[PDB]
Amino acid sequence: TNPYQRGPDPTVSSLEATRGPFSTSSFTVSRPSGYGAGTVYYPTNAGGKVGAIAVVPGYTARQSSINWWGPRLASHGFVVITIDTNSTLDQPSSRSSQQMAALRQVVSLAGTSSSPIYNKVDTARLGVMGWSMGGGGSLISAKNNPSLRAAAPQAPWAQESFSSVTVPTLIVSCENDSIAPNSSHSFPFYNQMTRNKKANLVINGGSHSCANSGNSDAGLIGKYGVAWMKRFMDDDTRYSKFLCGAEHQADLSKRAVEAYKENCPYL
């Protein structure tokens, strides 16, 4: 009855795993359109079209800071473009434009018979993710384009207000972040957003890079990013219990969970 539902029923173990059930390939974008460079990750046989997610790094950083999300999410039934920005010194407005440019090109290549993602993408089902100034850029994208189905920025950094945001938004925060300190960024952004479904995962003892490629909480952080994108990009209420149910409750007693805020239930 849910035309967007993909892959078998989830479990605690399937979500914490380094991979979902789908085979995946990647490719470099030949002529990046409005951004610096791109890698596209995709399931080879998802059993239907999937949503697409554009992922941006922070100031000075490159695809390698954020690109573990590529395989982690693509293996779960999503197309994922990880970008480098035209410049490593690009600020959040700039990263937002380049993020949407990246989603547009994924739309362009979904319609390019020569591309490996040809007719693999539901180009109506789009999401945004990113680290630090790239996380701030994700929030700016959701604010400027409310047809986006999901935002899951990590340790976001921005000098903008997000009171108008209507897109379902998970912020992953690092407790000890002195680069985008939560008291000036994550926490105000969370509090400003009154018009949306939302959650804030705060990682215990986490430095600014606590959610980057090779982080030691990838099990838990991966679980929340996949559940989030499954719930909101795929409308998939099989994942609701990991966000708002007893499965979510069980996580609150974990060492790595400093705090969790949400406005459950998600109706």
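Please refer to the structure higher up on the page.
Let us look at the structure shown here.

Cut-offs and rules
These residue numbers run from 1 along each chain by written sequence and may not equal the entry numbers. Residues without coordinates are not shown. For the side-chain quantities, the full set of heavy atoms in the structure was used; hydrogens and water were omitted. Secondary structure is summarised from DSSP: a helix means a run of H or I of at least four residues, a strand means a run of E of at least two, and numbering begins at the N terminus for each. Within 3.5 Å is the distance limit for a polar contact, defined as a pair of N or O atoms, with the added protein rule that one can donate a hydrogen and the other accept it, and that residues adjacent in sequence qualify only through two side-chain atoms. We call two residues contacting when some pair of their heavy atoms lies within 4.5 Å. Buried residues are those whose accessible area, probed at 1.4 Å on protein chains only, stays under 20% of the maximum for their type, while exposed residues exceed 50% and partly exposed ones sit between those limits. The term salt bridge refers to a side-chain nitrogen of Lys or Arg lying within 4 Å of a carboxyl oxygen of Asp or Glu. One less than the residue count of a helix, multiplied by 1.5 Å, gives the span that helix is expected to have. Any two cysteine sulfur atoms lying within 2.5 Å of each other are counted as a disulfide. What makes two strands pair is DSSP finding at least two bridges between them. Axes here refer to lines fitted to C-alpha atoms; in helices the fit is confined to the stretch in contact. Angles between the N-to-C directions go from 0 to 180 degrees.

Inspection of the secondary structure assignment puts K223 in helix α7 (residues 218-233). A distance of 3.1 Å separates polar atoms of two side chains, one belonging to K223 and the other to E16. When near neighbours in sequence (up to four residues on either side) are disregarded, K223 contacts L15, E16, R72, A218 and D251.

Mapped onto the secondary structure, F232 falls in helix α7. The class for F232 is buried, based on a relative accessible area of 5%. As for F232 and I203, which are separated by 29 residues in sequence, their C-alpha atoms are 22 Å apart. Other than its neighbours up to four places away in sequence, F232 contacts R149, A150, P168, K197 and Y266.

For the peptide bond that leads from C264 to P265, omega is 5°, which places it in the cis range. Position of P265 relative to the elements: it lies in the segment after β9 (257-262). Not every positive phi belongs to a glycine, and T60 is a case in point at roughly 75°. As for its position among the elements, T60 is in the loop between β3 (50-56) and α2 (63-66). On the accessibility criterion, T60 (47% relative accessible area) is partly exposed. For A155, which is not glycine, the phi torsion reads 45° and is therefore positive. Note that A155 resides in the loop between β6 (150-154) and β7 (169-174).

This part covers the pattern of salt bridges. Counting across every chain of the model gives 10 salt bridges. Across the salt bridge formed by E16 and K254, the nearest N and O atoms sit 3.7 Å from each other. Taken together, the positions of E16 in helix α1 (residues 12-16) and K254 in the loop between α9 (246-251) and β9 put the pair 238 residues apart, joining distant regions of the chain. As a salt-bridge pair, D236 and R238 come within 2.9 Å of each other at their nearest N and O atoms. The pair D236 / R238 is uniform in exposure class, with both members buried. Sharing partners across several salt bridges, the network here consists of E16, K223, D251 and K254.

Position of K198 among the secondary structure elements: in strand β8 (residues 198-203). Taking the C-alpha atoms as reference, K198 lies 4.8 Å from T169; in sequence the two are 29 residues apart. The residues contacting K198, other than those within four sequence positions of it, are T169, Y190, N191, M193, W228, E262, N263 and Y266. Of note is the side chain of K198, whose polar atom sits 2.9 Å from the backbone oxygen of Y190.

Before going further, it helps to examine α7. Spanning 16 residues, α7 covers 21 Å between terminal C-alpha atoms, matching the ideal 22 Å at 1.5 Å per step. The element α7 is largely enclosed, with a buried count of 15 among its 16 residues. A positive backbone phi angle near 60° is found at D235, which sits one or two residues after α7.

Among covalent bonds in proteins, the disulfide is the one between the sulfur atoms of two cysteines. Overall, the coordinates contain two disulfides when judged by the stated rule. Note that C174 is cross-linked by a disulfide to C210, the S-S spacing being 2.1 Å. Between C174 and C210, the S-S dihedral sits near -80°, and the bridge is therefore left-handed. Here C174, found in strand β7, pairs with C210, found in the loop between β8 and α7; they are 36 residues apart in sequence, far enough to count as distant. You can call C210 buried: its relative accessible area is 8%. Note that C244 is cross-linked by a disulfide to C264, the S-S spacing being 2.1 Å.

The next subject is the sheet that holds β7. Within the open sheet, the nine strands sit side by side as β1-β2-β4-β3-β5-β6-β7-β8-β9. Their pairing is mixed. Looking at the sheet topology across the chains shown, the edges are occupied by β1 (24-28) and β9. The average angle at which neighbouring strand axes cross in this sheet is 15°, direction not considered. Pairing analysis gives five bridges linking strand β5 (residues 121-131) to β6, with the strands arranged parallel. Opposite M129, over in β6, you have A152 as the bridge partner. Where helix α5 (residues 133-144) meets the sheet, it contacts β3, β5, β6 and β7, and its direction lies at approximately 140° from that of β5. Its contacts with the sheet place α7 against β3, β5, β6, β7, β8 and β9, and it is angled at close to 160° to β6.

Shape is all these values report; function is a separate question.
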